[PDB]
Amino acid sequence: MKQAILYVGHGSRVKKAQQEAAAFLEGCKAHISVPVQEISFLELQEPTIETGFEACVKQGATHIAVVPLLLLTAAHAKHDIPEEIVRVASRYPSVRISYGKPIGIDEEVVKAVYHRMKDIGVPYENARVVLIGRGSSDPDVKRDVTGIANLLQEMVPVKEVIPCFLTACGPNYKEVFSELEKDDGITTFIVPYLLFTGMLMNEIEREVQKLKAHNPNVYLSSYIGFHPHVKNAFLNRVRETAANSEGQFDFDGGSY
């Protein structure tokens, strides 16, 4: 037996984002006791999935644990990535494949949100938290962001956590913002639940400036990014996919 890890990010065309994702995945390798480890990306950035998978095979891997670097569960985890996996794996029918889950609802990621809150330096006890995800038409995305909000609610003595979204599913973060123009003395933290900055993050920044014009007790944290606790959660995913102790991550054909 020879085990491999194939990390799969979604990929970016922004050079800085490519570099950050690649460096994160590279820094994961020293934490995994597996002799063959390759990084790959679905799109816009190579190594491609095909390249990384074939590299794993060429180095003698009998088992490949494919682990997607994804915060939430949507089309990429269910369709695009598995489709590329089946396309390349069809050529090596003797190689056993396991395929992991996105990070999703994990206590470590809640800790990442908590530390982003703490970084502001404002008391958070009995404060409101507004957790902004990108959003998706896939209901699993809203469900998981809500689960993270509930876990934060259980773990930190905040007043409440409001999951909301930039697009595709409700409630939209602008509706929450419009409802927060009051200023009732309650502090509101805005946590962008995103791996990278970019257009939508810039939009959040501008909208939070507008909101602060109405309600000065509003504080925007930096986006989650590749926080150390995000790394802990992702390493959990990697280890469970490689262990595959019950076969629950077996890469079975058919539509996901």
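Residue numbers run from 1 along the displayed sequence.
Comparing 211 to 219 with 59 to 67, the stretch with the higher mean C-alpha B-factor in the PDB entry is 211 to 219. Higher average CA B factor: 183 to 191, of the stretches 183 to 191 and 23 to 31. Highest C-alpha temperature factor among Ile132, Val113, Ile97, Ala75, as the PDB entry reports it: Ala75. Comparing the C-alpha B-factors of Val36, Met199, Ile49, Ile224 in the entry, the top value falls on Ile224. Among the modelled residues of its chain, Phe249 has a C-alpha B-factor that falls in the lowest third, as given in the PDB entry. In the deposited entry, the Cα temperature factor of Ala89 sits in the top third of values across the chain's modelled residues. In the deposited entry, the Cα temperature factor of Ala149 sits in the middle third of values across the chain's modelled residues. In this PDB entry, the Cα temperature factor of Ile162 sits in the middle third of its chain's modelled residues.
Split the chain's modelled residues into thirds by C-alpha temperature factor. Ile81 is in the lowest one.
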